[PDB]
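This is what each chain is made of:
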Amino acid sequence: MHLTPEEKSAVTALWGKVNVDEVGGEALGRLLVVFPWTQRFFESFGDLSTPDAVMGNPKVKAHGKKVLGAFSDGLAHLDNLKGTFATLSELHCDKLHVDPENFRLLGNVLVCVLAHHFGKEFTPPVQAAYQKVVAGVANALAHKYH
Amino acid sequence: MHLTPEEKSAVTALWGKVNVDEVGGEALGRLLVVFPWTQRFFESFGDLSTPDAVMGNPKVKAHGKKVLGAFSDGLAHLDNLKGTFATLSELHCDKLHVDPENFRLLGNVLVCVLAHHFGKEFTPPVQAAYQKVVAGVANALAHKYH
Amino acid sequence: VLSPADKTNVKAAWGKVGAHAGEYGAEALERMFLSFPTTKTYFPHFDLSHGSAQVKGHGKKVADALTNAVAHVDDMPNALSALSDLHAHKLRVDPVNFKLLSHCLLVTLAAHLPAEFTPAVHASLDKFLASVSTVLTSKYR
Amino acid sequence: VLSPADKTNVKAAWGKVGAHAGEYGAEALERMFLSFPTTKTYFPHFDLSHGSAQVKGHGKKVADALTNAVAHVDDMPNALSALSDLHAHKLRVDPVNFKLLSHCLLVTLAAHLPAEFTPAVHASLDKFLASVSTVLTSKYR
Ligand code: HEM
Ligand code: HEM
Ligand code: HEM
Ligand code: HEM
């Protein structure tokens, strides 16, 4: 990741303040509501017929937390996202058949949720570093597609 | 750039058959006709009002030769596209103000032109290799943007 | 929007494709799967080996849908209605993939129509395929 | 297609922005220039430093066009005809950039309207900004 030291530092400082439980459920729920075609991968989660249904779904919440836990690992491995997510990439490709374009959608939704949560603290420079991180993670998750 | 040996040989194999002069002119011209907004960078080239005016414009043709001459040189340094195109990347950014999306569009138009000239010979595997190469060149030209 | 000229260009080119449509659709799919592997995530239930009967049969359906769009070029949103619902609510294919297939179709036509694939026609065809993709993607949300 | 509930959501969200519209416009631009530096290629004649009067001034213009769009949500192609002309024929901005401005505007709204930026409203705004982008790039060719 061509991340600047000041970029790494800003990403890390904000992340130490993130409530993963709240943020994960919100990001995953928002992806499914804003881009409803992504619901195709989550049929087994139950009712996803309305925003409230989605946002309230406990499987959506629990899976959100897990996804964001994985995202946390990446932040501790920013100089090697590829090796960090190699297995998860293989799994999303060979077992789950998820179009990597979805990784990019989730990334931008995540940025929107961090803004919603941190308000003015999510300054344009902080956002810029996070955009690089979400693109980095998406690319690492797509790396073992074949 | 994940280019395998066989990908690389196929790219080079075909490239030896190209009349770079002609092809450069066809690709640039087609870009200007198919995606007309790209004409914003070439107003000093004169008449670009109709397909014939663009395709037969001597300045379009001469510029295309220049473009393809640089591309060929990239094909001789596939393992170091970034270094090869560094000065050109800076130029297109800092002096010419060219959105790198334009490099992507040109690449895809170049693929159509190669298909058009080589017909069958441009097989699916060969196209697949050329897609990787044009994305790599586009990425190399975009890499010094800031 | 398609212009009168565009419409003439598309009818003429597709008219020359004629009875080879199905085969060109099948080749367009092969080129797509090979050049843009991420598109394969939508066809896990298919045998994607070269020459596959499944690919050949699907290429025909794709080609026939385009032929129909050309046949109803002044009423495309209505002629493609059924297909737009299918891609939006059952299949749920991310919109970026439409551009990939469109590009491969064009490459396929260029490789087979040396004389017809002039710059004006290429331009009309590009707009046509973008129009078709817009329709197929219009009911996504 | 914007639904009645979408229209309601956008009018509501945009209403609270009220007098801040201009500041939010400038903020969205600054976020785009920093997050997606290729967008700067369209503004070589601007001072792009933080706090620039050019950016502020342009932010207002963008925000006002957006207010106009919201006010004419049922008839966007007509209300934005001139702007569509401008972006298509004079400015000639590559279409991929509209998604980038759209995203930054959404981030700006999220950061300023925590109460109003619910999941349903987020969805409607995303669709609205996509619709605006479609109208602005509809005359490109
Ligand atoms: C930031 C990007 C993402 C990361 C880091 C991530 C991470 C994960 C992790 C850690 C798992 C658990 C795997 C297991 O142990 O079984 C998982 C499962 C899964 N992911 Fe992702 N994911 C991402 C994005 C996506 C998106 C965008 C989609 C589709 C929209 C998706 C689809 C799935 C599906 C369908 C599962 C299986 C869930 C289940 O039913 O148990 N993922 N992902
Ligand atoms: C394969 C991708 C490309 C390569 C290798 C390439 C290479 C070149 C080269 C060698 C020059 C001459 C540099 C000089 O004058 O010192 C040039 C100039 C230029 N390039 Fe590119 N170029 C590419 C794509 C593009 C595209 C897609 C655009 C915009 C649509 C563009 C816009 C321009 C402009 C406006 C000039 C100056 C033209 C003039 O002489 O007035 N380039 N480029
Ligand atoms: C030019 C645009 C396209 C057209 C005209 C088109 C047309 C069609 C048609 C006619 C069918 C068959 C429906 C039936 O059974 O009657 C179909 C199915 C399907 N399409 Fe598309 N399609 C287009 C683009 C795409 C893209 C970009 C993708 C994803 C990469 C896609 C993925 C699929 C899938 C997965 C099916 C179901 C195949 C099966 O399970 O049998 N299509 N399409
Ligand atoms: C949400 C979509 C957008 C809207 C509503 C919008 C709106 C506007 C408005 C109202 C103007 C000023 C016209 C006047 O002077 O009366 C303008 C100009 C301009 N726009 Fe956009 N715009 C949008 C997206 C974009 C994007 C994506 C780009 C490229 C990144 C862009 C680049 C420009 C440029 C370069 C000007 C001329 C600025 C100047 O020279 O002062 N616009 N736009």
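Residues numbered from 1 in each chain as written, not as in the entry; some residues may be left out. Chains lettered and ligands numbered in written order. Heavy atoms only, no water.

A. Highlighting the environment of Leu91(D). By the element assignment, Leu91(D) lies in helix α5 (residues 81–91). Between the alpha carbons of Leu91(D) and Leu29(D) there is a distance of 17 Å; along the sequence they are 62 residues apart. Residues in contact with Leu91(D), not counting those within four places in the same chain, are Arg40(B) and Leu86(D). (Helix = DSSP H or I, 4+ residues; strand = E, 2+ residues; numbered from the N terminus. Contact = heavy atoms within 4.5 Å.)

B. Region of interest: the coordination of the iron atom of ligand 1. Just one protein ligand coordinates the iron atom of ligand 1, and it is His92(A) (NE2) at 2.2 Å. Structurally, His92(A) can be placed in helix α6 (residues 86–95). (Donors = N, O, S within 2.8 Å, 3.2 Å for Na, K, Ca; no water.)

C. Summary view of the interface of chain B and chain C. Each side of the interface is counted separately: chain B has 21 residues, and chain C has 21 residues. Across the chain B to chain C interface the summed buried area is about 1,700 Å²; carbon plus sulfur atoms make up 63%. Seen at the junction of chain B and chain C, the total is 0 salt bridges. Taken together, the residues of the side of chain B that touches chain C break down into 12 nonpolar, 6 polar and 3 charged. (Buried area = accessible area lost by both parts, 1.4 Å probe. Salt bridge = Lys/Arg side-chain N within 4 Å of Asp/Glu carboxyl O. Nonpolar A, V, L, I, M, F, W, Y, C, P; charged D, E, K, R; others polar.)

D. Structural context of the pattern of salt bridges. In this structure the tally under the stated criterion is 24 salt bridges over all chains. Between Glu26(A) and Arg30(A) there is a salt bridge whose closest N-O contact spans 3.3 Å. Of this pair, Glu26(A) and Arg30(A) both sit in helix α2 (residues 20–34), 4 residues apart, which is roughly one turn of that helix. Side by side, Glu26(A) and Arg30(A) carry an identical accessibility label, which is buried. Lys8(B) is the salt-bridge partner of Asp79(B), the closest N and O atoms lying 3.3 Å from each other. A residue pair is termed long-range when its members are at least 10 positions apart, and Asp79(B) in the loop between α4 (58–75) and α5 (81–94) and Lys8(B) in helix α1 (residues 5–15) qualify at 71 residues. Take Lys8(B): its relative accessible area is 28%, and that puts it in the partly exposed class. (Buried < 20%, exposed > 50% of the residue type's maximum accessible area, 1.4 Å probe, protein only.)

E. Representation of the UniProt feature "binding site: heme b" in chain C in the model. Residues and elements named next belong to chain C. Under the UniProt annotation, "binding site: heme b" lies at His87. When you line up the elements, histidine 87 lands in helix α5 (residues 81–91). With near-sequence residues (within four places) excluded, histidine 87 lies in contact with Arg92, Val93, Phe98, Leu136 and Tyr140. Within polar-contact distance, the side chain of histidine 87 engages the backbone oxygen of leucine 83 at 3.0 Å. (UniProt positions renumbered as here; feature names shortened; annotations may be inferred. Polar contact = N/O pair within 3.5 Å; in protein donor to acceptor, adjacent residues only side chain to side chain.)

F. Structural view of the UniProt feature "domain: Globin" in chain C. UniProt feature "domain: Globin": in the numbering of this structure it lies at residues 1–141 of chain C. A helix fraction of 70% and a strand fraction of 0% characterise residues 1–141 of chain C, whose end C-alpha atoms lie 22 Å from each other.

G. Quick look at the site of ligand 4. Residues and elements named next belong to chain D. By nearness alone, 16 residues border ligand 4, and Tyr42, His45, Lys61, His87 and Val93 come closest of all. Between ligand 4 and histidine 87 there is a distance of 3.0 Å, counted from a nitrogen atom to a side-chain nitrogen or oxygen. Breaking the shell around ligand 4 down by element, the ones donating at least two residues are α3 (53–71), α5 and α6 (96–112). Looking at which element gives the most residues to the shell around ligand 4, the answer is α5, with 4 residues. Taken together, the residues that form the shell around ligand 4 break down as 11 nonpolar, 4 polar and 1 charged. (Near = heavy atom within 4 Å.)

H. Spotlight on the nonpolar core. By size, the foremost hydrophobic cluster in this structure holds 190 residues, and its most contacted members are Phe122(B), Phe128(C) and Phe128(D). What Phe122(B) contacts, discounting residues up to four positions off in sequence, is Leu14(B), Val111(B), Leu114(B), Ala115(B), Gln127(B), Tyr130(B), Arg31(C) and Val107(C). (Core = buried A, V, L, I, M, F, W, Y, C linked by side-chain atoms within 4.5 Å.)

I. Structural detail: the UniProt feature "domain: Globin" in chain A. With numbering aligned to this structure, UniProt lists the feature "domain: Globin" at residues 2–146 of chain A. Taken end to end, residues 2–146 of chain A comprises 70% helix and 0% strand; its first and last C-alpha atoms sit 25 Å apart.

J. Fine view of a nonpolar patch on the surface. Residue and element names in this part refer to chain A. A grouping of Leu88, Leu91 and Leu96 is seen on the molecular surface, where their side chains present a nonpolar patch of about 230 Å² in accessible area. Looking at the element boundaries, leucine 88 is found in helix α6. Taking relative accessible area as the criterion, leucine 88 reaches 32% and is therefore assigned partly exposed. (Patch = residues over 30% accessible without salt bridge, like charges linked within 9 Å, V, L, I, M, F, W, Y side chains within 5 Å. Areas by Shrake-Rupley, 256 points an atom, 1.4 Å probe, with all protein chains shown as cover.)

K. Just α2(A), in detail. Residue and element names in this part refer to chain A. Look at α2: 20 Å from first C-alpha to last across 15 residues, which is about the 21 Å you get at 1.5 Å a residue. Of all 15 residues that make up α2, 13 are buried, and the element is covered over most of its length. Taking the backbone nitrogen of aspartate 21 as reference, a side-chain oxygen 3.1 Å away marks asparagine 19 as the first, capping residue of α2. (Expected span 1.5 Å × (residues − 1).)

L. Focus on the packing of aromatic side chains. All names here are of chain A. Taken as a whole and judged by the stated rule, the model has 19 aromatic pairs over all chains. With centroids separated by 5.6 Å and ring planes inclined at 65°, the aromatic side chains of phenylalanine 35 and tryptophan 37 adopt a geometry described as edge-to-face. Like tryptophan 37, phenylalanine 35 is buried. Their ring planes at 45° and their centres at 5.3 Å tell us that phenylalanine 42 and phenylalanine 45 sit as a pair that is tilted. An aromatic cluster of at least three residues, connected via ring pairs, comprises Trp15, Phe71, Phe122 and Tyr130. In this structure, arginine 40 is placed above the aromatic ring of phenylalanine 41, and the distance from its NZ or CZ to the ring centre is 5.2 Å. (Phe/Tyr/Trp six-rings, centres within 6.5 Å; stacked < 30°, edge-to-face > 60°. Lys NZ or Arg CZ within 6 Å of the ring centre and 35° of its normal.)

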